[PDB]
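Just model14.pdb here, PDB, N, CA and C atoms (P, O5', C5', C4', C3', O3' and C1' of nucleotides):
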ATOM      1  N   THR A  34     -21.247  46.395  28.717  1.00  0.00           N
ATOM      2  CA  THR A  34     -20.025  45.838  29.373  1.00  0.00           C
ATOM      3  C   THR A  34     -18.855  46.037  28.414  1.00  0.00           C
ATOM      4  N   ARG A  35     -18.704  45.146  27.382  1.00  0.00           N
ATOM      5  CA  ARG A  35     -17.658  45.155  26.372  1.00  0.00           C
ATOM      6  C   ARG A  35     -18.055  46.194  25.325  1.00  0.00           C
ATOM      7  N   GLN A  36     -17.604  47.454  25.573  1.00  0.00           N
ATOM      8  CA  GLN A  36     -17.862  48.641  24.778  1.00  0.00           C
ATOM      9  C   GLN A  36     -16.638  48.940  23.918  1.00  0.00           C
ATOM     10  N   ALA A  37     -15.463  49.312  24.525  1.00  0.00           N
ATOM     11  CA  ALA A  37     -14.204  49.634  23.864  1.00  0.00           C
ATOM     12  C   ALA A  37     -13.535  48.469  23.136  1.00  0.00           C
ATOM     13  N   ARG A  38     -13.712  47.202  23.625  1.00  0.00           N
ATOM     14  CA  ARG A  38     -13.174  45.960  23.078  1.00  0.00           C
ATOM     15  C   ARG A  38     -13.686  45.708  21.654  1.00  0.00           C
ATOM     16  N   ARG A  39     -15.038  45.787  21.453  1.00  0.00           N
ATOM     17  CA  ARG A  39     -15.759  45.588  20.209  1.00  0.00           C
ATOM     18  C   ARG A  39     -15.605  46.790  19.285  1.00  0.00           C
ATOM     19  N   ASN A  40     -16.010  48.031  19.716  1.00  0.00           N
ATOM     20  CA  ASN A  40     -15.925  49.263  18.941  1.00  0.00           C
ATOM     21  C   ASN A  40     -14.468  49.628  18.680  1.00  0.00           C
ATOM     22  N   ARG A  41     -14.146  49.862  17.377  1.00  0.00           N
ATOM     23  CA  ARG A  41     -12.826  50.214  16.871  1.00  0.00           C
ATOM     24  C   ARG A  41     -12.850  51.614  16.265  1.00  0.00           C
ATOM     25  N   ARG A  42     -11.654  52.281  16.269  1.00  0.00           N
ATOM     26  CA  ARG A  42     -11.397  53.629  15.781  1.00  0.00           C
ATOM     27  C   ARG A  42     -11.396  53.637  14.236  1.00  0.00           C
ATOM     28  N   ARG A  43     -10.235  53.903  13.555  1.00  0.00           N
ATOM     29  CA  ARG A  43     -10.156  53.957  12.069  1.00  0.00           C
ATOM     30  C   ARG A  43      -9.010  53.064  11.604  1.00  0.00           C
ATOM     31  N   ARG A  44      -9.337  52.089  10.709  1.00  0.00           N
ATOM     32  CA  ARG A  44      -8.415  51.144  10.104  1.00  0.00           C
ATOM     33  C   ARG A  44      -9.139  50.567   8.895  1.00  0.00           C
ATOM     34  N   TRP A  45      -8.535  50.779   7.688  1.00  0.00           N
ATOM     35  CA  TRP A  45      -9.014  50.316   6.400  1.00  0.00           C
ATOM     36  C   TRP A  45      -8.345  48.984   6.072  1.00  0.00           C
ATOM     37  N   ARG A  46      -9.176  48.016   5.597  1.00  0.00           N
ATOM     38  CA  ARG A  46      -8.795  46.689   5.137  1.00  0.00           C
ATOM     39  C   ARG A  46      -8.585  46.910   3.649  1.00  0.00           C
ATOM     40  N   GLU A  47      -7.289  46.960   3.199  1.00  0.00           N
ATOM     41  CA  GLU A  47      -6.935  47.138   1.790  1.00  0.00           C
ATOM     42  C   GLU A  47      -6.973  45.715   1.242  1.00  0.00           C
ATOM     43  N   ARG A  48      -8.236  45.239   0.952  1.00  0.00           N
ATOM     44  CA  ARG A  48      -8.691  43.911   0.485  1.00  0.00           C
ATOM     45  C   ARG A  48      -7.592  42.843   0.608  1.00  0.00           C
ATOM     46  N   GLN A  49      -7.285  42.465   1.891  1.00  0.00           N
ATOM     47  CA  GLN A  49      -6.221  41.541   2.286  1.00  0.00           C
ATOM     48  C   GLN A  49      -6.326  40.144   1.720  1.00  0.00           C
ATOM     49  N   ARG A  50      -7.472  39.523   2.013  1.00  0.00           N
ATOM     50  CA  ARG A  50      -7.897  38.185   1.642  1.00  0.00           C
ATOM     51  C   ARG A  50      -9.204  38.341   0.837  1.00  0.00           C
TER      52      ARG A  50
ATOM     53  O5'   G B   1     -10.814  33.849  25.715  1.00  0.00           O
ATOM     54  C5'   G B   1      -9.979  33.497  26.814  1.00  0.00           C
ATOM     55  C4'   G B   1     -10.779  33.373  28.121  1.00  0.00           C
ATOM     56  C3'   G B   1     -11.326  34.697  28.667  1.00  0.00           C
ATOM     57  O3'   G B   1     -12.548  35.079  28.033  1.00  0.00           O
ATOM     58  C1'   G B   1     -10.205  33.561  30.438  1.00  0.00           C
ATOM     59  P     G B   2     -12.929  36.602  27.762  1.00  0.00           P
ATOM     60  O5'   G B   2     -13.279  37.156  29.215  1.00  0.00           O
ATOM     61  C5'   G B   2     -14.466  36.718  29.878  1.00  0.00           C
ATOM     62  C4'   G B   2     -14.589  37.250  31.320  1.00  0.00           C
ATOM     63  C3'   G B   2     -14.549  38.775  31.468  1.00  0.00           C
ATOM     64  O3'   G B   2     -15.801  39.383  31.140  1.00  0.00           O
ATOM     65  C1'   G B   2     -13.075  37.822  33.068  1.00  0.00           C
ATOM     66  P     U B   3     -15.886  40.793  30.405  1.00  0.00           P
ATOM     67  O5'   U B   3     -15.443  41.828  31.525  1.00  0.00           O
ATOM     68  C5'   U B   3     -16.272  42.144  32.639  1.00  0.00           C
ATOM     69  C4'   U B   3     -15.577  43.082  33.656  1.00  0.00           C
ATOM     70  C3'   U B   3     -14.990  44.371  33.066  1.00  0.00           C
ATOM     71  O3'   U B   3     -15.975  45.378  32.832  1.00  0.00           O
ATOM     72  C1'   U B   3     -13.339  43.368  34.452  1.00  0.00           C
ATOM     73  P     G B   4     -16.044  46.205  31.471  1.00  0.00           P
ATOM     74  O5'   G B   4     -14.865  47.265  31.619  1.00  0.00           O
ATOM     75  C5'   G B   4     -15.032  48.410  32.454  1.00  0.00           C
ATOM     76  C4'   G B   4     -13.706  49.141  32.755  1.00  0.00           C
ATOM     77  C3'   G B   4     -12.936  49.671  31.536  1.00  0.00           C
ATOM     78  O3'   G B   4     -13.472  50.884  31.004  1.00  0.00           O
ATOM     79  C1'   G B   4     -11.405  48.543  32.967  1.00  0.00           C
ATOM     80  P     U B   5     -13.591  51.164  29.436  1.00  0.00           P
ATOM     81  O5'   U B   5     -12.088  51.400  28.960  1.00  0.00           O
ATOM     82  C5'   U B   5     -11.364  52.572  29.329  1.00  0.00           C
ATOM     83  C4'   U B   5      -9.838  52.457  29.082  1.00  0.00           C
ATOM     84  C3'   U B   5      -9.403  52.244  27.625  1.00  0.00           C
ATOM     85  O3'   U B   5      -9.373  53.460  26.878  1.00  0.00           O
ATOM     86  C1'   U B   5      -8.266  50.649  28.986  1.00  0.00           C
ATOM     87  P     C B   6      -9.806  53.547  25.346  1.00  0.00           P
ATOM     88  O5'   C B   6      -8.591  52.895  24.546  1.00  0.00           O
ATOM     89  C5'   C B   6      -7.327  53.556  24.474  1.00  0.00           C
ATOM     90  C4'   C B   6      -6.164  52.616  24.081  1.00  0.00           C
ATOM     91  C3'   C B   6      -6.226  51.990  22.675  1.00  0.00           C
ATOM     92  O3'   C B   6      -5.800  52.889  21.641  1.00  0.00           O
ATOM     93  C1'   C B   6      -5.717  50.271  24.267  1.00  0.00           C
ATOM     94  P     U B   7      -5.858  52.532  20.082  1.00  0.00           P
ATOM     95  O5'   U B   7      -4.563  51.621  19.909  1.00  0.00           O
ATOM     96  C5'   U B   7      -4.428  50.620  18.908  1.00  0.00           C
ATOM     97  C4'   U B   7      -3.606  49.413  19.439  1.00  0.00           C
ATOM     98  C3'   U B   7      -3.369  48.306  18.411  1.00  0.00           C
ATOM     99  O3'   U B   7      -2.177  47.588  18.762  1.00  0.00           O
ATOM    100  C1'   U B   7      -4.910  47.494  20.078  1.00  0.00           C
ATOM    101  P     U B   8      -0.932  47.456  17.795  1.00  0.00           P
ATOM    102  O5'   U B   8      -1.538  46.595  16.605  1.00  0.00           O
ATOM    103  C5'   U B   8      -0.757  46.278  15.455  1.00  0.00           C
ATOM    104  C4'   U B   8      -1.389  46.797  14.143  1.00  0.00           C
ATOM    105  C3'   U B   8      -1.568  48.334  14.012  1.00  0.00           C
ATOM    106  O3'   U B   8      -0.530  49.080  13.384  1.00  0.00           O
ATOM    107  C1'   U B   8      -3.433  47.059  13.063  1.00  0.00           C
ATOM    108  P     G B   9       1.023  48.876  13.185  1.00  0.00           P
ATOM    109  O5'   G B   9       1.119  47.802  12.011  1.00  0.00           O
ATOM    110  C5'   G B   9       0.660  48.092  10.690  1.00  0.00           C
ATOM    111  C4'   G B   9      -0.598  47.265  10.372  1.00  0.00           C
ATOM    112  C3'   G B   9      -0.353  45.868   9.774  1.00  0.00           C
ATOM    113  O3'   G B   9      -0.651  44.873  10.752  1.00  0.00           O
ATOM    114  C1'   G B   9      -2.247  46.979   8.762  1.00  0.00           C
ATOM    115  P     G B  10       0.452  43.881  11.311  1.00  0.00           P
ATOM    116  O5'   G B  10      -0.439  42.759  11.989  1.00  0.00           O
ATOM    117  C5'   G B  10      -1.204  43.051  13.153  1.00  0.00           C
ATOM    118  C4'   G B  10      -2.158  41.897  13.478  1.00  0.00           C
ATOM    119  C3'   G B  10      -3.365  41.752  12.541  1.00  0.00           C
ATOM    120  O3'   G B  10      -3.056  41.149  11.279  1.00  0.00           O
ATOM    121  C1'   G B  10      -4.073  41.502  14.819  1.00  0.00           C
ATOM    122  P     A B  11      -3.920  41.432   9.961  1.00  0.00           P
ATOM    123  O5'   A B  11      -5.261  40.590  10.183  1.00  0.00           O
ATOM    124  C5'   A B  11      -5.224  39.162  10.115  1.00  0.00           C
ATOM    125  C4'   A B  11      -6.445  38.475  10.771  1.00  0.00           C
ATOM    126  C3'   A B  11      -7.782  38.634  10.042  1.00  0.00           C
ATOM    127  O3'   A B  11      -7.925  37.729   8.944  1.00  0.00           O
ATOM    128  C1'   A B  11      -8.125  39.026  12.367  1.00  0.00           C
ATOM    129  P     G B  12      -8.411  38.208   7.510  1.00  0.00           P
ATOM    130  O5'   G B  12      -9.889  38.755   7.751  1.00  0.00           O
ATOM    131  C5'   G B  12     -10.980  37.873   8.002  1.00  0.00           C
ATOM    132  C4'   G B  12     -12.224  38.591   8.587  1.00  0.00           C
ATOM    133  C3'   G B  12     -12.811  39.714   7.724  1.00  0.00           C
ATOM    134  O3'   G B  12     -13.677  39.177   6.728  1.00  0.00           O
ATOM    135  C1'   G B  12     -12.584  40.495   9.994  1.00  0.00           C
ATOM    136  P     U B  13     -13.760  39.621   5.205  1.00  0.00           P
ATOM    137  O5'   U B  13     -15.112  40.446   5.149  1.00  0.00           O
ATOM    138  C5'   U B  13     -15.245  41.730   5.747  1.00  0.00           C
ATOM    139  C4'   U B  13     -16.613  42.398   5.464  1.00  0.00           C
ATOM    140  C3'   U B  13     -17.852  41.501   5.658  1.00  0.00           C
ATOM    141  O3'   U B  13     -18.852  42.260   6.305  1.00  0.00           O
ATOM    142  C1'   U B  13     -17.792  42.301   3.390  1.00  0.00           C
ATOM    143  P     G B  14     -20.058  41.776   7.200  1.00  0.00           P
ATOM    144  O5'   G B  14     -20.926  43.095   7.373  1.00  0.00           O
ATOM    145  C5'   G B  14     -21.020  44.177   6.447  1.00  0.00           C
ATOM    146  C4'   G B  14     -20.251  45.380   7.030  1.00  0.00           C
ATOM    147  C3'   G B  14     -20.516  46.739   6.382  1.00  0.00           C
ATOM    148  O3'   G B  14     -21.614  47.437   6.971  1.00  0.00           O
ATOM    149  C1'   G B  14     -18.128  46.380   6.516  1.00  0.00           C
ATOM    150  P     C B  15     -22.995  47.723   6.235  1.00  0.00           P
ATOM    151  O5'   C B  15     -22.601  48.338   4.826  1.00  0.00           O
ATOM    152  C5'   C B  15     -21.888  49.557   4.665  1.00  0.00           C
ATOM    153  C4'   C B  15     -20.794  49.380   3.595  1.00  0.00           C
ATOM    154  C3'   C B  15     -19.971  50.637   3.324  1.00  0.00           C
ATOM    155  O3'   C B  15     -18.944  50.819   4.306  1.00  0.00           O
ATOM    156  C1'   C B  15     -20.444  49.420   1.276  1.00  0.00           C
ATOM    157  P     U B  16     -18.756  52.217   5.037  1.00  0.00           P
ATOM    158  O5'   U B  16     -17.454  51.975   5.910  1.00  0.00           O
ATOM    159  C5'   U B  16     -17.464  51.132   7.061  1.00  0.00           C
ATOM    160  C4'   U B  16     -16.158  50.318   7.206  1.00  0.00           C
ATOM    161  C3'   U B  16     -14.887  51.177   7.383  1.00  0.00           C
ATOM    162  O3'   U B  16     -14.371  51.041   8.704  1.00  0.00           O
ATOM    163  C1'   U B  16     -14.513  49.322   5.855  1.00  0.00           C
ATOM    164  P     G B  17     -13.825  52.245   9.589  1.00  0.00           P
ATOM    165  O5'   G B  17     -14.687  52.102  10.910  1.00  0.00           O
ATOM    166  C5'   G B  17     -16.084  52.393  10.963  1.00  0.00           C
ATOM    167  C4'   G B  17     -16.934  51.195  11.459  1.00  0.00           C
ATOM    168  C3'   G B  17     -16.527  50.634  12.835  1.00  0.00           C
ATOM    169  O3'   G B  17     -17.713  50.323  13.579  1.00  0.00           O
ATOM    170  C1'   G B  17     -16.502  48.874  11.264  1.00  0.00           C
ATOM    171  P     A B  18     -17.940  50.853  15.047  1.00  0.00           P
ATOM    172  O5'   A B  18     -19.279  50.092  15.433  1.00  0.00           O
ATOM    173  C5'   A B  18     -19.328  48.829  16.079  1.00  0.00           C
ATOM    174  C4'   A B  18     -20.023  47.754  15.214  1.00  0.00           C
ATOM    175  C3'   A B  18     -20.317  46.480  16.005  1.00  0.00           C
ATOM    176  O3'   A B  18     -21.486  46.538  16.833  1.00  0.00           O
ATOM    177  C1'   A B  18     -19.524  45.939  13.770  1.00  0.00           C
ATOM    178  P     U B  19     -21.547  45.708  18.201  1.00  0.00           P
ATOM    179  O5'   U B  19     -21.379  44.187  17.716  1.00  0.00           O
ATOM    180  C5'   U B  19     -20.461  43.313  18.366  1.00  0.00           C
ATOM    181  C4'   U B  19     -20.288  41.958  17.628  1.00  0.00           C
ATOM    182  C3'   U B  19     -19.348  41.009  18.386  1.00  0.00           C
ATOM    183  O3'   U B  19     -20.104  40.078  19.165  1.00  0.00           O
ATOM    184  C1'   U B  19     -18.483  41.356  16.139  1.00  0.00           C
ATOM    185  P     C B  20     -19.573  39.354  20.472  1.00  0.00           P
ATOM    186  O5'   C B  20     -18.468  38.356  19.892  1.00  0.00           O
ATOM    187  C5'   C B  20     -17.122  38.415  20.348  1.00  0.00           C
ATOM    188  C4'   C B  20     -16.171  37.641  19.415  1.00  0.00           C
ATOM    189  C3'   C B  20     -14.768  37.482  20.005  1.00  0.00           C
ATOM    190  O3'   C B  20     -14.686  36.366  20.893  1.00  0.00           O
ATOM    191  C1'   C B  20     -14.544  38.387  17.816  1.00  0.00           C
ATOM    192  P     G B  21     -13.876  36.425  22.264  1.00  0.00           P
ATOM    193  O5'   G B  21     -12.356  36.398  21.795  1.00  0.00           O
ATOM    194  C5'   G B  21     -11.794  35.241  21.172  1.00  0.00           C
ATOM    195  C4'   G B  21     -10.392  35.515  20.575  1.00  0.00           C
ATOM    196  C3'   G B  21      -9.343  35.943  21.603  1.00  0.00           C
ATOM    197  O3'   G B  21      -8.759  34.800  22.239  1.00  0.00           O
ATOM    198  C1'   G B  21      -9.267  37.438  19.699  1.00  0.00           C
ATOM    199  P     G B  22      -8.028  34.871  23.646  1.00  0.00           P
ATOM    200  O5'   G B  22      -6.591  35.404  23.223  1.00  0.00           O
ATOM    201  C5'   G B  22      -5.823  36.195  24.116  1.00  0.00           C
ATOM    202  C4'   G B  22      -4.658  36.895  23.386  1.00  0.00           C
ATOM    203  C3'   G B  22      -3.910  37.865  24.308  1.00  0.00           C
ATOM    204  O3'   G B  22      -2.811  37.222  24.958  1.00  0.00           O
ATOM    205  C1'   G B  22      -4.646  39.068  22.371  1.00  0.00           C
ATOM    206  P     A B  23      -2.381  37.524  26.459  1.00  0.00           P
ATOM    207  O5'   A B  23      -1.711  38.963  26.377  1.00  0.00           O
ATOM    208  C5'   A B  23      -0.444  39.168  25.756  1.00  0.00           C
ATOM    209  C4'   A B  23      -0.113  40.669  25.571  1.00  0.00           C
ATOM    210  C3'   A B  23      -0.056  41.470  26.874  1.00  0.00           C
ATOM    211  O3'   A B  23       1.243  41.388  27.465  1.00  0.00           O
ATOM    212  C1'   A B  23      -1.459  42.632  25.307  1.00  0.00           C
ATOM    213  P     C B  24       1.483  41.213  29.025  1.00  0.00           P
ATOM    214  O5'   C B  24       1.118  42.643  29.608  1.00  0.00           O
ATOM    215  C5'   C B  24       1.940  43.786  29.382  1.00  0.00           C
ATOM    216  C4'   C B  24       1.224  45.116  29.725  1.00  0.00           C
ATOM    217  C3'   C B  24       0.625  45.181  31.133  1.00  0.00           C
ATOM    218  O3'   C B  24       1.625  45.463  32.112  1.00  0.00           O
ATOM    219  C1'   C B  24      -1.007  45.969  29.570  1.00  0.00           C
ATOM    220  P     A B  25       1.861  44.552  33.397  1.00  0.00           P
ATOM    221  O5'   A B  25       0.793  45.116  34.431  1.00  0.00           O
ATOM    222  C5'   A B  25       0.995  46.379  35.068  1.00  0.00           C
ATOM    223  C4'   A B  25      -0.322  47.018  35.553  1.00  0.00           C
ATOM    224  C3'   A B  25      -1.115  46.196  36.572  1.00  0.00           C
ATOM    225  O3'   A B  25      -0.583  46.267  37.899  1.00  0.00           O
ATOM    226  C1'   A B  25      -2.613  47.112  34.938  1.00  0.00           C
ATOM    227  P     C B  26      -0.544  44.993  38.858  1.00  0.00           P
ATOM    228  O5'   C B  26      -2.076  44.705  39.188  1.00  0.00           O
ATOM    229  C5'   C B  26      -2.815  45.539  40.077  1.00  0.00           C
ATOM    230  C4'   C B  26      -4.340  45.270  40.039  1.00  0.00           C
ATOM    231  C3'   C B  26      -4.772  43.839  40.379  1.00  0.00           C
ATOM    232  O3'   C B  26      -4.792  43.596  41.786  1.00  0.00           O
ATOM    233  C1'   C B  26      -5.927  44.527  38.408  1.00  0.00           C
ATOM    234  P     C B  27      -4.402  42.180  42.405  1.00  0.00           P
ATOM    235  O5'   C B  27      -5.605  41.230  41.972  1.00  0.00           O
ATOM    236  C5'   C B  27      -6.903  41.375  42.549  1.00  0.00           C
ATOM    237  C4'   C B  27      -7.984  40.539  41.820  1.00  0.00           C
ATOM    238  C3'   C B  27      -7.741  39.032  41.808  1.00  0.00           C
ATOM    239  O3'   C B  27      -8.106  38.405  43.036  1.00  0.00           O
ATOM    240  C1'   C B  27      -8.377  39.727  39.606  1.00  0.00           C
TER     241        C B  27
END
Translate this structure into structure tokens?
Amino acid sequence: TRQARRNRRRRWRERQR
RNA sequence: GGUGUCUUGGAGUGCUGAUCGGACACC
């Protein structure tokens, strides 16, 4: 069902928190 | 809030995108 909602493309977390 | 789609530097330890949350059209 929730396929595109959960699965994400490319985005790096530059150690935010 | 749900369904389809996309989100960002929206969150998020994933060895960096799974899971979650909103918007948009429809309900």
For chain B, work out the contacting residues on chain A at 8 Å, counting only C-alpha atoms (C1' of nucleotides), and write them as a PyMOL selection string.
-> chain A and resi 37+39-41+44-46
Using the selection just defined, write its residues with N, CA and C atoms as a JSON list (two decimals), in the frame of the given file.
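Output below, filename result_8.json:
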[["chain", "number", "residue", "atom", "x", "y", "z"],
["A", 37, "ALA", "N", -15.46, 49.31, 24.52],
["A", 37, "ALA", "CA", -14.20, 49.63, 23.86],
["A", 37, "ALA", "C", -13.54, 48.47, 23.14],
["A", 39, "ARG", "N", -15.04, 45.79, 21.45],
["A", 39, "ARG", "CA", -15.76, 45.59, 20.21],
["A", 39, "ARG", "C", -15.60, 46.79, 19.28],
["A", 40, "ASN", "N", -16.01, 48.03, 19.72],
["A", 40, "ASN", "CA", -15.92, 49.26, 18.94],
["A", 40, "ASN", "C", -14.47, 49.63, 18.68],
["A", 41, "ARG", "N", -14.15, 49.86, 17.38],
["A", 41, "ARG", "CA", -12.83, 50.21, 16.87],
["A", 41, "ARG", "C", -12.85, 51.61, 16.26],
["A", 44, "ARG", "N", -9.34, 52.09, 10.71],
["A", 44, "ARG", "CA", -8.41, 51.14, 10.10],
["A", 44, "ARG", "C", -9.14, 50.57, 8.90],
["A", 45, "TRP", "N", -8.54, 50.78, 7.69],
["A", 45, "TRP", "CA", -9.01, 50.32, 6.40],
["A", 45, "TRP", "C", -8.35, 48.98, 6.07],
["A", 46, "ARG", "N", -9.18, 48.02, 5.60],
["A", 46, "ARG", "CA", -8.80, 46.69, 5.14],
["A", 46, "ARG", "C", -8.59, 46.91, 3.65]]
What is the distance, in Å and to one decimal place, between atom C of residue 38 (chain A) and atom N of residue 50 (chain A)?
->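 Going from atom C of residue 38 (chain A) over to atom N of residue 50 (chain A) covers 21.5 Å.
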Could you check how far CA of residue 48 (chain A) sits from atom N of residue 35 (chain A), in Å to one decimal?
->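 These atoms are spaced 28.7 Å apart.
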Report, as AutoDock Vina command-line options, the axis-aligned box around all atoms of region 9-27 of chain B present in the file, extended by 6 Å on each side; give centre and edge lengths in Å to one decimal place.
--center_x -10.5 --center_y 43.6 --center_z 22.2 --size_x 36.9 --size_y 29.6 --size_z 53.8
